[PDB]
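In: in their complex positions, the first chains:
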Amino acid sequence: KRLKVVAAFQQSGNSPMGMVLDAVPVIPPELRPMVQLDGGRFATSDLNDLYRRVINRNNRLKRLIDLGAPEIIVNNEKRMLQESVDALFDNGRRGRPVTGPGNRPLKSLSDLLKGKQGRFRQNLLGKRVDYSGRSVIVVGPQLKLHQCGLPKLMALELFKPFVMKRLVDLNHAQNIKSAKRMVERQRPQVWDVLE
Amino acid sequence: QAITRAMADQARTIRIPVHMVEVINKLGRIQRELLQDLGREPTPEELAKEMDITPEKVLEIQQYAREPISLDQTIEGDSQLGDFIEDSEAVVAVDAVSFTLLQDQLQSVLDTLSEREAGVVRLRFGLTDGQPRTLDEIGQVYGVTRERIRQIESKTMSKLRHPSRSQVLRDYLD
Amino acid sequence: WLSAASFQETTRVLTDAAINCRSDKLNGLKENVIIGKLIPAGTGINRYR
């Protein structure tokens, strides 16, 4: 089992020095966004409180190193720095997780990928789609096996840019902007066009 | 001293300066003082007069103290607040498409207009440029001087009335 | 490793794959769906495509 580890670092020139970091990368801001709600309060991502945790402690080390602090104090800071970078990379992995307000575990980097909610099973293997809708179903003994009753309301929003196309074709609207207005106001013309 | 200082300095996810923190803690102090005096939580007007005598800032202070919440926090299989936040940045499909069709209408204007006429149009408005150059430079950077380029401007403003009388530009303003 | 990580034990899959320097030839169903390529089956194969 040990060889399976050591043999993988020998083959590719892939240095094992990587398992110790001197500089940690910071994920782009729009992937850890900070947004103002309509209530005036702000809503931020959890990575911003963990990045903030690391930087705050890392800088404090710089101060304590410079001031020639005793090892007892310096080492403590070092240790917290380890638990900080760890808590960011994988929270809860070693010890108790970092709790935000209300004893809630913060979402770590690795948490963005894990399980059902993880980026994988929830954003790649199955996404959400445009040009789609949903409603209750009802029996229709009148329809043939290749047919289905689609509500006049559902279809108009489903084929919305296909209807806007033919509205300006047959000059009911003068452009694409006004043809949009026709469909939204639900002018009596569009029920013939959509058919 | 160092604890209180560092605390007010680091605890806020959005940093507020030292004096600002001092204000809020004085506002929480006078509030608790007026809290046992009036048997009720004091009105904004009441609190203001006592400490800073300004009602408008107290409302503002009480928003600064409001601590932010987490996007990743949830309500439900999976709540996740961030799954409701609409991306106000992304481009509307129809609105981007209609702008492009407005470019097909200004291409049918560079034509009816002369080459001198469709010249100043793209000069001071900056279509291909992206910048609106000063007119006393435009007339001098164009091979034709005596600011003839402002003379050709009026030779176009009414030439634009015809595609405005065709109303094909009248529809895109409403 | 794309197919593996998108199945189970995502933290374990990546740890091993990043060490072994495993390169992924994006030639499979789960593989292609993720990157948005046409799936290598049915009407997606070059024979019919």
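Out: Everything's here; your move. Residues are numbered from 1 along each chain as shown, chains lettered A, B, ... in the order given.

In: near chain C, which residues of chain A?
Out: Within chain A, the positions adjacent to chain C are A:5, A:8-9, A:11-12, A:14, A:90, A:110, A:113-115, A:118, A:120-121, A:124-125 by C-beta under 8 Å from any C-beta of the partner chain. C-beta: built from backbone N, CA, C; applies to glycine.

In: among those, which one has the most neighbours?
Out: residue A:120 (22 neighbours; other C-beta atoms under 10 Å in any protein chain shown).

In: isn't that one right up against residue C:8?
Out: No - here residue A:120 does not reach residue C:8: they are 10.0 Å apart, not a contact under C-beta atoms under 8 Å.

In: write out the residues of chain B neighbouring chain A.
Out: Contact residues, chain B versus chain A (C-beta under 8 Å from any C-beta): B:10, B:13-14, B:63, B:66-73, B:78, B:80-82, B:85, B:93-94, B:97-98, B:101, B:167-168, B:171-172, B:174.

In: from those residues, which ones fall inside helices?
Out: Counting by DSSP state H, those place B:10, B:63, B:93, B:94, B:97, B:98, B:101 in helices.

In: for chain C, state which of those residues is nearest.
Out: residue B:93 (19.0 Å; C-beta to the nearest C-beta).

In: quick one, what contacts the closest one?
Out: By C-beta atoms under 8 Å, 6 or more residues apart in numbering or on different chains, the contact list for residue B:93 reads residue A:161.

In: would you pull up the residue in chain B closest to chain C?
Out: Counting by C-beta to the nearest C-beta, chain B gets nearest chain C through residue B:78, at 16.6 Å.

In: quick check: closest non-adjacent residue to that residue.
Out: Computed as C-beta to C-beta, 6 or more residues apart in numbering or on different chains, the closest residue to residue B:78 that is not its neighbour in sequence is residue A:117, at 5.6 Å.

In: before we move on, back to that, mind checking which of the residues of chain B next to chain A are buried?
Out: B:68, B:69, B:70, B:71, B:72, B:73, B:80, B:81, B:82, B:98, B:172 (16 or more other C-beta atoms under 10 Å in any protein chain shown).

In: also, this goes in as chain D:
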Amino acid sequence: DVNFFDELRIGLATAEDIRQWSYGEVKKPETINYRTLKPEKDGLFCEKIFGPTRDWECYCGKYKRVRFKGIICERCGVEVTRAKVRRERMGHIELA
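Out: Take a look at chain D, now in place beside the chains above:
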């Protein structure tokens, strides 16, 4: 931006590979300002590092037009391309 690329490789990232990615080092815990609501400098949202908040809008306001493309403002060091870069540009922290 062709879709057909043959392989996808994953490996262990060097400490130097982290530096080759980042457009700068974050040296402040701060996110934004409390009055201006603007991304503070050398912070976690610093526009010098990750990019402009608005399209072709430099931070200190010296440049606000699309005419400047790729210009690095001297007063604050912000490139002028879309906020579409704040989804692709990396940062890094230098641990002591």
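
In: how about the residues of chain C that lie near chain D?
Out: C:1-2, C:14, C:17-19, C:21-26, C:35-37.

In: near chain A, which of the residues you listed show up?
Out: Restricting the residues of chain C next to chain D to those near chain A - C-beta under 8 Å from any C-beta - leaves C:14, C:19, C:21.

In: neighbour-wise, which one of the residues you listed leads?
Out: residue C:19 (20 neighbours).

In: ok, and the closest non-adjacent residue to residue B:47?
Out: Leaving out its chain neighbours, residue B:47 is closest to residue B:58 (C-beta to C-beta, 6+ apart), at 5.6 Å.

In: now residue C:44
Out: Of all residues not flanking residue C:44 in the chain, residue C:38 sits nearest, at 4.0 Å (C-beta to C-beta, 6+ apart).

In: now do the same for the one you found: helix, strand or coil?
Out: coil (DSSP: H, G, I helix; E, B strand; the rest coil).

In: that one: how many residues sit nearby?
Out: 14.

In: so it touches residue C:48, yeah?
Out: No - look at residue C:38 against residue C:48 with C-beta under 8 Å: they stay out of range, at 10.5 Å.

In: hang on, the earlier thing: ok, the ones next to chain A among the residues of chain C next to chain D vs chain B, which is closest?
Out: Nearest member of those to chain B, counting by C-beta to the nearest C-beta, is residue C:14, at 20.7 Å.

In: would you mind measuring from that closest one to residue C:4?
Out: 9 Å (C-beta to C-beta, to the nearest Å).

In: do the same with residue A:193
Out: As judged by C-beta to C-beta, residue A:193 and residue C:4 stand 50 Å apart.

In: do the same with residue D:14
Out: From residue D:14 to residue C:4 the distance is 24 Å (C-beta to C-beta).

In: what does residue B:159 give?
Out: 67 Å.

In: next, count neighbours for the closest residue to residue A:19 other than its chain neighbours.
Out: Closest residue to residue A:19 apart from its sequence neighbours, by C-beta to C-beta, 6+ apart: residue D:12 at 7.4 Å. Residue D:12: 20 surrounding residues under other C-beta under 10 Å.

In: extra chain here, label it chain E:
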Amino acid sequence: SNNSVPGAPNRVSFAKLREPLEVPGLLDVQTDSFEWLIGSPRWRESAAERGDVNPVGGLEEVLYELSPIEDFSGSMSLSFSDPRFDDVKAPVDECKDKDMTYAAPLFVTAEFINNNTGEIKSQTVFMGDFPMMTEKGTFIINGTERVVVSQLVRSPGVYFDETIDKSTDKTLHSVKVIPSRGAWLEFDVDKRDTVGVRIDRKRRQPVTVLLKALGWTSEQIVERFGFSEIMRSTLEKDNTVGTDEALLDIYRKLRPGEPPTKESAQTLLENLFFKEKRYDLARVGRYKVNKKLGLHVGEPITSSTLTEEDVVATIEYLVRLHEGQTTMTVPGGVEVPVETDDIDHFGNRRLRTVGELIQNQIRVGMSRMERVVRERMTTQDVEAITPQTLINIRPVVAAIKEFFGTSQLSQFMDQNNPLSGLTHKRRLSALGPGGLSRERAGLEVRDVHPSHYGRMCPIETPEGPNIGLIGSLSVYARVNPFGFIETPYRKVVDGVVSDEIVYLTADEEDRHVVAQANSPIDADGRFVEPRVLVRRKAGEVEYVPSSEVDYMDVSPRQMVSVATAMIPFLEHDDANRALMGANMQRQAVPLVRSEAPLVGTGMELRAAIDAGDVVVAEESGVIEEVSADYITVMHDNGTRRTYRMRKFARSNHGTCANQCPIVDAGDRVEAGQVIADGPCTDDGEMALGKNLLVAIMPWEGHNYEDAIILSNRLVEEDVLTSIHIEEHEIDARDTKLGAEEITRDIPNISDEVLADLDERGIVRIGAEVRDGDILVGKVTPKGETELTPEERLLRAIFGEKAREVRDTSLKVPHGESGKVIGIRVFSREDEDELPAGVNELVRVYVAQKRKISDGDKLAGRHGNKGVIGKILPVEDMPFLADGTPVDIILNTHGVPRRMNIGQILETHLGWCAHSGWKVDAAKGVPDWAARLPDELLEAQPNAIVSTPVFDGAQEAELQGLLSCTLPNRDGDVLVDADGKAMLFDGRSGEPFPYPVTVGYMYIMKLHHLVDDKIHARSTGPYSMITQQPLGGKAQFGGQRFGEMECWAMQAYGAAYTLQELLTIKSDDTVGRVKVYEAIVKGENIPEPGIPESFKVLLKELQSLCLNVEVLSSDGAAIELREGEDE
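Out: Now chain E, sitting on the chains shown earlier:
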């Protein structure tokens, strides 16, 4: 009659005479609880009537635990006493209107005692504004009606468990001591016959190590536990001996990393288990340990802490139960039954009500300010200390405010129907803080326990993943002062039933023997047969002689809940559908006007009254004046009380709470009588639906697979029509570019669109609104960014200068429409107090008059659900001989499968009730109608009757009554003795070949309407990060094509369909725009690009120090619309 108490309509009942007791106040679970919290007069009287010695309120208790607050010196002492309230700061209706919390301010009397100066400064301190509970048993937090649900937690105490070993196959016994709050302590027995103890989940050590640590000699160990060979084997295998060596040993294994003093190991063994600070069994925690051990059983509850006596007497309980002993007497204690305890038994399962839930949160807050008190004492000087300077109530007001809007104990007030509230006001949830999680709950917690009888319903529980973890309280049950569930039983002296009633707890009943309610009783009180049906401990049942009968049930319907007892012929429907029959009643919708069911159960009255959504007369008198607005009542003493009618109000769930006066002007009305009912109520009775003329048959397939066919009569006469109100909101804030202003002037809008507004920009009341129309015109100053050079050019031609104000109007959401029925405007100008930044806030209320249509979910009380497949014209409907068309056509196929043939019996009795009947009295009273009470031997057309659960009609009487059916106006009977009748197909005219079962059924309108359910989207909003579509009808989002659906595509081999869905239909930034253009221009769909989500992943990986590079066929790393630069 059934309930001849208030002044109600006469609902005649098939019944054995029920005179044990009236249904106790349903809302009492919330009321009595909160009254204990504040220590109200009605409670101290209720404490007196119950014979409770020295009653202590919920607030009174918290103060006495806390008091007195001294520092380490003992110099300073702070104590509290005498809590008192002022009047509520604002009436209920104003709180709902001005979105503030219904609360009355709380005061206490605090005094600062100083032992050095000997002086005392005593004054009154303000404690904050305290949320008060209404009469309908709810709270009002920030303008919304909320409800605190009761939680089912594990009761503190000592519990014994018998686990069977896998290898040795011997019986091993395990004990576990649970504090209300503190460290853990559990004694278990090995297969090695050696006793071990785990403290706070630390490793196992011999039990003698603990005794030698206590100070018990090595000889006393041989004495007390010498009667067993397993304890002699433990003291022998004991590693070390010595009082010092034991404490050190325990210390070493408890807290490694700390220097072991003989004075530090002695200390923490005292604090972790024998101090009020670190350890605490509640009043229930102490009481439960005592009952199980039987010591100090008579002595009042003064100890809140564990003792050495309890530790030893617990170890003694373990060893005896291990070697087969059945009973034991603790030295100094009464004899106690020795056995393994079941965790789910309602004597060990605890019900913490509203009061304690608030109390616990209050205790949390008082502990927080105590910490500040002990910090403000050491800071300030002794001479200038007042309680006003020590006390900071800020953590207290926060703790209570957090709970009512930060915890899961404040469930939203389901506003579906007068029953929706009722059901929701009394719920037994095992979820929530202190309780269990959904994933932690196994299969034992969820299923029906024997002790649930008469306490918690076995039927009412959700269908979903929450099943068994949520239930309703049984009708006749109540909560005892210790948080357990009591239930009423009739007391039998010696074979003779006595009207004397005593409430029993779960474990207390197990010690006794109970007879079934329906057992035949002499007119005096004696039993008929020597051997009767008998309920016994552990859910076992046997025949037992009449000499051994202790108690008997109050009612046949004792075990059920409120909504459950409203299901006629319950004992004819299987628990599966009967479950849904109870759950669905909750989702009924209030119709335009409501009819009482032809078939009742009697419960429909008391449910309506105790709902609080009807108007009950307080004091007797005569109606002095009545209007659609209010009712005035002239009492007997002279005083006048006026009852205002809730008219057309929007509930929590957009249903129509509308009240109407029952009484006319001048009617004599007594106290407790319903003078005006609300939605879903007809003459003070729960009217959850309509009485429909049903037909049990397949009909041209339109009712295939549980679908439903309706008569258009229900559309032309609004029989199943409802009103639905929506609240639309929008505000104007202060921005950086100016301020949002609400105006009638919106950029580039005709006067045809603005036509329905007033001068301010608000829609006018009574106006009609469709989707897309404007309700509140608001414009905001848009950022001064360089306008398009192509739009600059377009503004020079037509010479129209651009405005700097963008349209930010409140338009009507897709699907919504109706009549504007009111405006609420709040202006910062008109001194209306607004949040920081807001100027004008507008509320427009729009109601809809939704008639019933296709896809609307209907249901009966028997779990018979389904949606409306088709509504035929009135003539197409299968009709009887006299021409009357049926209303509803249910399919025959979906009846015997569901075992819910109570819907069949309802149809039979339902027809007899519509036609009327008359038993043949000539040649005497028939033998079948011999048990039928006199009042039902003759019935009028459209009569109302009661079929109480586990009583009421039996199949023999029903069959006979079908023969009694009175003829119509034409003098002809329409149905036979079978209950069937002959129909004519309204389409072909010809008579149906066979007799069809016809009658009347009660059908409810459920809150699953297509007008809400339907939704679609071409393009719309998109995710801020993943750049995918948003989700939900509220955000106008598209459907989710999940992992399961991508397999179906893959299986088919539809690569291009699958690709499109995940590319140009999803998060391809440049693709979806160029697809919209290709469509509107009529060209071909372009080729998809790269999913922006995949770009996100490759950047998220990079942030994790994972060098991820994309390679082309050559092997070079290609860019992804970006570049790398140092």
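
In: again for the neighbour count of residue D:12, chain E present now?
Out: 23.

In: got the contact list for it?
Out: Per C-beta under 8 Å, 6+ apart, neighbours of residue D:12: A:14, A:15, A:18, A:19, C:18, C:19, C:21, E:1105, E:1106, E:1107.

In: isn't there a strand covering the third one?
Out: Going back to what we said before, that points to residue A:18. No - Residue A:18 is assigned helix when assessed by three-state DSSP, not a strand.

In: my guess is it contacts residue E:1104. True?
Out: No - with contact defined as C-beta under 8 Å, residue A:18 does not count as touching residue E:1104 (11.8 Å).

In: relative to residue E:104, how far out is the residue of the stretch 51-200 of chain E found nearest chain C?
Out: Closest residue of the stretch 51-200 of chain E to chain C, C-beta to the nearest C-beta: residue E:166 (28.8 Å). In this view, residue E:166 and residue E:104 are 60 Å apart by C-beta to C-beta.

In: pull up the overlap in contacts between residue A:18 and residue E:1104.
Out: Between them, residue A:18 and residue E:1104 share these contacting residues under C-beta under 8 Å, 6+ apart: residue D:13.

In: wait, what's in contact with residue D:9?
Out: By C-beta under 8 Å, 6+ apart, the contact list for residue D:9 reads C:21, C:22, C:23, C:24, E:1108, E:1109, E:1111.

In: neighbours around the fourth one, how many?
Out: The reference is to residue C:24. 19.

In: so the nearest residue to it once chain neighbours are set aside, which of the three states?
Out: Closest residue in space to residue C:24, ignoring its immediate chain neighbours: residue D:8 at 4.4 Å, by C-beta to C-beta, 6+ apart. Following three-state DSSP, we place residue D:8 in the strand state.

In: for residue A:13, see how far away residue D:8 is.
Out: Counting by C-beta to C-beta - residue D:8 and residue A:13 are separated by 19 Å.

In: give me the more crowded residue out of the two.
Out: Neighbours were counted for residue D:8 and for residue A:13 using other C-beta under 10 Å; residue D:8 has more, 20 against 7.
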